[PDB]
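*Asks:* So I've got this experimental structure, pasted below with the sequence.
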Amino acid sequence: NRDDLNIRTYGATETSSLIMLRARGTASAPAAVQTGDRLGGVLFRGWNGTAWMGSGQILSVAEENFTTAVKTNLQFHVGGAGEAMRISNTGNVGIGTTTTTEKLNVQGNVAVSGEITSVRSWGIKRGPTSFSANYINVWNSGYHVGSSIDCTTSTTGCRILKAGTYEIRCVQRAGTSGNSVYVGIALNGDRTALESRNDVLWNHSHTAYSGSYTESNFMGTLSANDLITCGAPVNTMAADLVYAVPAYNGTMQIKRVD
Amino acid sequence: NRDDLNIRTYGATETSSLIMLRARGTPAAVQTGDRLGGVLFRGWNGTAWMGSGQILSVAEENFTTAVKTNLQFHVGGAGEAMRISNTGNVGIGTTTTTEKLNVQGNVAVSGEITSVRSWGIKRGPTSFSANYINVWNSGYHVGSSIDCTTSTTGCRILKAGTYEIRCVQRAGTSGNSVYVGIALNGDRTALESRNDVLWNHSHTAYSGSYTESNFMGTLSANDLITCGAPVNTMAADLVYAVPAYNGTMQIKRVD
Amino acid sequence: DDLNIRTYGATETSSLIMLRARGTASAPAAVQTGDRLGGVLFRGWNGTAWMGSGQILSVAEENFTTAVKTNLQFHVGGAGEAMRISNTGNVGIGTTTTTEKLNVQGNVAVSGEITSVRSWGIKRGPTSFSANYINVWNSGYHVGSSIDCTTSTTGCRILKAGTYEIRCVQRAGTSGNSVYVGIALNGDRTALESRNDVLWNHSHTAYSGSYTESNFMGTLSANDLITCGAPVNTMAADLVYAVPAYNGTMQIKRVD
């Protein structure tokens, strides 16, 4: 056939449709579609000199046995790369991947000419009120947004809930002793577990002026279930830091970077 | 009926088309919500020919007013998965297509993302305007969320969102304890008292050292963010001069 | 007036097939770049005429005697072409330039969270004074494609034009003298500080183990080498140079 196929509908309820139907069995004994069965396709082909070659296609394919549930995907294929985009039965879209774990998945880079808005995971601790253990203050409160960090369940740190990269800064005020003081960020009180890693930034300063801040910083990947703490290295140095409710006396801030 | 449908075109200028046409009446112009056509997939489940994906073209306006349509991509299971509106705007998991791409869910990218990020700065505290409000010699910004140039005394938040802010200023030569604070148009409490934000500040005295103040949390459109000394009598003990190393305010949109 | 294609069987399926050649049936010729292989077109009556109401096209991106390469195009009534999928699999929304795997000409709104690789790098351990505003650093580390902190001991090299947020710190020694460091472009502080489109600052400190800090925020160019250190050699005697990162670090994050 060389003629364009025209489907024309006049009316208020009806529409024009190309309908592609798939069953197993026969018209006399139809059987349910099975996982992996192609329901149908719109196929493009082009002459290359010697053969008709696949030149793009849009496919509907079953992803569950239909006697169990009607679940399908849509596939968009181009000449060259082959399958370029998938829409799974969940509605989840993959570009360059067929594993559609999130609502949109891109196997590659993304370039946007304007701006991107999204929920970003971050959390804070505020108000160092007592020394719990080395490198672990008790904090009066915490707060967080998103799903990667929990800063409210534990009074002594922020819990990492997802593997990821995190940027962390902890500050606390020196008291009035005039002695040198510092705080450090730690993994459940273990400073070395962070500081000794060759894939992170870990630092801290000293201070002595009353009301000035000693600071500690971390940048790098953390593991789910990690409790991030911050505090004085030892009890006698905690005696020389300010412990009180207002956040200006001390805070920890954690941002998910990636 | 059981046979594949083929459309074959040869030659230099023409192409193969499946064309689906819709009118109302028997002829009446297409109305909003009318389907122009669809490619429909159906599969036997043992009881019926069940919807197994479809690609639809649907009118978004009455055609006597304007020819506006959307394209819809449906799957068996979730139903409509992706929409392209007459604006070209794409929705995945939503039919509300406000921006060029809208995703109702999370996005996972294996590589890196480039985009315009909103941020703004104030540089060079040149005088005390009010409690927690310096006059700044200049400002600069990128993007659409923050305006650091219209006013010399603060950065205006143009869009509701989450912001990370740090303000620093140098102590002078008095040896007195000095500090600065970030504020909402001079009102420090309006930020500090919130249980959904970080707000802090340090003291310093050594000449050329920084007092710093930090904020993290949501701000509202039209908010004017300021930073400065808590009281006029302290201004004499801070450094006010043009170079940015004397003091700056940095605002980054986080989300 | 519907068109139905029904298939019963274990392996057979229903297809609409659109084929394109040049030439004639007895003397065909290969598809050329820009030829349409086929299309699904929608049209709607507006009262006067049949108006374009969306289309899905397959179009050649190479001469087929060289290679079979096509794109898919999705057009809507109103804006016209809205999405393109190139032969590489790269997708454009609002643009036909498909440089990356996804390209959006506009804004993007996500209700949830986005995960992606972010470029960042660090230098750790100021071990010597090399030149004004240039420390030698014991080690570097980076993630991503925009920043290289391991090739040069004296800085982080920007590999791609972009916006960067940079903080450098170093500990004062035991003298009680005023010390500072600054971020620089290959030791040239003024090259950054004098720019009206950037933040550049630094502090002084004197207390032993306290930090002097310098900060930068703004755009940088490919091949820029970012350094940080004391302003002059005589001040090195009053800063701490040693391997542990708590003595000093530089952190660079790509912002955009």
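*Replies:* Structure's in. What do you need? Numbering: from 1, shown residues only, chains lettered A, B, ... in the order given.
*Asks:* okay, CA-based contacts and neighbour counts for the rest of this
*Replies:* OK.
*Asks:* For the stretch 101-250 of chain A, which segments count as helices?
*Replies:* Ranges of helices within the stretch 101-250 of chain A are A:192-195, A:235-238, based on DSSP state H, counting those that start in this stretch.
*Asks:* Out of those, which gets nearest to residue B:235?
*Replies:* Of all the helices of the stretch 101-250 of chain A, helix A:235-238 sits nearest to residue B:235, with 32.6 Å by Cα to Cα.
*Asks:* Looking at the helices of the stretch 101-250 of chain A, which is nearest to residue B:81?
*Replies:* helix A:192-195 (43.2 Å).
*Asks:* residues of the closest one that come out buried?
*Replies:* Neighbour counts using 16 or more other Cα atoms under 10 Å in any protein chain shown place A:194, A:195 of helix A:192-195 among the buried residues.
*Asks:* and it, how far from the chain's centre?
*Replies:* Shown here is helix A:192-195, whose average C-alpha point lies 25 Å from the average C-alpha point of the whole chain (Cα atoms, centre = their mean, to the nearest Å).
*Asks:* helices and strands around it, which ones?
*Replies:* Counting contacts by 3 or more Cα pairs under 8 Å, 6 or more residues apart in numbering or on different chains; DSSP states H and E, helix A:192-195 is packed against strand A:184-187, strand A:201-204.
*Asks:* is the nearest residue to residue A:27 once chain neighbours are set aside in a bridge, and if so with what?
*Replies:* Of all residues not flanking residue A:27 in the chain, residue C:8 sits nearest, at 6.8 Å (Cα to Cα, 6 or more residues apart in numbering or on different chains). When bridges are assigned using DSSP bridges, the partners listed for residue C:8 are residue A:23.
*Asks:* buried sites along stretch A:32-41?
*Replies:* Applying a neighbour-count criterion of 16+ other Cα under 10 Å, one finds A:32, A:33, A:34, A:35, A:37, A:38, A:39, A:40, A:41 buried in stretch A:32-41.
*Asks:* Chain A - how does it break down into domains?
*Replies:* A:24-106, A:122-256 (automatic domain parsing).
*Asks:* which residues touch the residue of the stretch 151-258 of chain A found nearest chain B?
*Replies:* In the stretch 151-258 of chain A, the residue that lies nearest chain B is residue A:248 (4.0 Å; Cα to the nearest Cα). The neighbours of residue A:248, taking Cα atoms under 8 Å, 6 or more residues apart in numbering or on different chains as the test, are A:127, B:199, B:200, B:201, B:202.
*Asks:* which one among those residues gets closest to chain C?
*Replies:* Within these, the smallest distance to chain C is 14.1 Å, found for residue B:202 (Cα to the nearest Cα).
*Asks:* Got phi/psi on that closest one?
*Replies:* Summarising the backbone geometry of residue B:202 under the convention degrees, to the nearest 10, its torsions are phi -110, psi 170.
*Asks:* can I assume residue A:119 is in contact with residue A:146?
*Replies:* Yes - using Cα atoms under 8 Å, residue A:119 makes contact with residue A:146 at a distance of 6.4 Å.
*Asks:* For the two, work out which one has more neighbours and name it.
*Replies:* residue A:119 (19 against 14; other Cα atoms under 10 Å in any protein chain shown).
*Asks:* Tell me who's in contact with that one.
*Replies:* With contacts defined as Cα under 8 Å, 6+ apart, the neighbours of residue A:119 are A:145, A:146, B:255, C:110, C:111, C:112, C:113, C:114.
*Asks:* Could you report the neighbour count for the first one?
*Replies:* By the measure other Cα under 10 Å, the count of residues near residue A:145 is 17.
*Asks:* Let me know whether it touches residue A:122 as I believe.
*Replies:* Yes - taking Cα under 8 Å as the definition, residue A:145 is a contact partner of residue A:122 at 5.5 Å.
*Asks:* burial of residue A:136, as a residue count?
*Replies:* The local packing of residue A:136 (other Cα under 10 Å) involves 28 other residues.
*Asks:* Wait, it touches residue A:230, no?
*Replies:* Yes - applying Cα under 8 Å as the test, residue A:136 and residue A:230 come out as touching, 5.1 Å apart.
*Asks:* so what sits against both of these two?
*Replies:* When contacts are counted by Cα under 8 Å, 6+ apart, residue A:136 and residue A:230 have A:157, A:186, A:189 as shared neighbours.
*Asks:* which of those tops the neighbour count?
*Replies:* The member of these surrounded by the most neighbours (other Cα under 10 Å) is residue A:157, with 28 neighbours in all.
*Asks:* residues touching that residue, list them.
*Replies:* In this structure, residue A:157 makes contact with A:125, A:136, A:137, A:138, A:139, A:151, A:188, A:227, A:228, A:229, A:230, judged by Cα under 8 Å, 6+ apart.
*Asks:* ok, the third one - contacts?
*Replies:* What it means is residue A:137. Contacts for residue A:137 (Cα under 8 Å, 6+ apart) come out as A:128, A:129, A:130, A:131, A:156, A:157, A:229, A:230, A:231, A:232.
*Asks:* So how do I select the buried members of those residues in PyMOL?
*Replies:* This is the PyMOL syntax for the buried subset of the contacts of residue A:137, where burial follows 16+ other Cα under 10 Å:
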select buried, chain A and resi 128+129+130+131+156+157+229+230+231+232
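*Asks:* before we move on, back to that, pick the most buried one from the helices and strands packed on helix A:192-195.
*Replies:* For these, average neighbour numbers computed from mean count of other Cα atoms under 10 Å in any protein chain shown are highest in strand A:184-187, which has a mean of 27.
*Asks:* So what's the gap between it and the chain middle?
*Replies:* Counting by Cα atoms, centre = their mean, strand A:184-187 comes out at 24 Å from the chain centroid.
*Asks:* Give me the contact list for that strand.
*Replies:* Residues outside strand A:184-187 that contact it (Cα under 8 Å, 6+ apart) are A:135-136, A:170, A:191-194, A:203-204, A:215-218, A:226-233.
*Asks:* Now that strand - C-alpha only, PDB.
*Replies:* As requested, the backbone C-alpha atoms of strand A:184-187 are provided in PDB (Å, rounded to 0.1, in the frame of the first residue of the first chain):
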ATOM      1  CA  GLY A 184      35.400  18.200  66.000                       C
ATOM      2  CA  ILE A 185      32.900  16.400  63.700                       C
ATOM      3  CA  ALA A 186      32.900  12.700  64.300                       C
ATOM      4  CA  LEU A 187      31.200   9.400  63.400                       C
END
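*Asks:* okay, now residue A:178: neighbour count?
*Replies:* By other Cα under 10 Å, 12 other residues sit near residue A:178.
*Asks:* Contact partners for it?
*Replies:* Contact analysis of residue A:178 by Cα under 8 Å, 6+ apart lists A:208, A:209, A:210.
*Asks:* same check, this time on residue A:180
*Replies:* Residues touching residue A:180, when contacts are defined by Cα under 8 Å, 6+ apart, comprise A:206, A:207, A:208.
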